[PDB]
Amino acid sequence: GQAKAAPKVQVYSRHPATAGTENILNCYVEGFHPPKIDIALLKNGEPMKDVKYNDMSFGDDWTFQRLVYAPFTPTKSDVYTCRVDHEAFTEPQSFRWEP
């Protein structure tokens, strides 16, 4: 038919993490089609400030990818996640940053 491909998500920091050190949190969403999508970076469920978006791209199977990122300062107690809404998902899905 027409592709309905759901994405796979990785979350990771730019640098090895140190509690109290400025860093950048990354969320890589790949393998979706159609391109309409929603990607949000959450700190304990709250929206994070200064979130930035790379230019979308697609691969050889026509499915799309995006990098979403924001500066952050990780701690022992804070939970950072990536929330993704796409129509090949039955409901939005979360992905956790393991520090």
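Rigid core: the largest C-alpha set superposing within 1.5 Å between the two forms. Sequential numbering from 1, following the sequence displayed.
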Give, as the answer, the stretch of 88-96 and 2-10 that departs more from the shown form in 7 other deposited structures of this protein; the measure is RMS Cα distance after a core fit. 2-10
Of 21-29 vs 74-82, the stretch with the larger average CA B-factor in the entry is 74-82
When the C-alpha temperature factors are averaged for each of 53-61 and 35-43, which stretch ends up with the higher value in the entry? 53-61
Third assignment of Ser94 from its chain's C-alpha B-factors: lowest
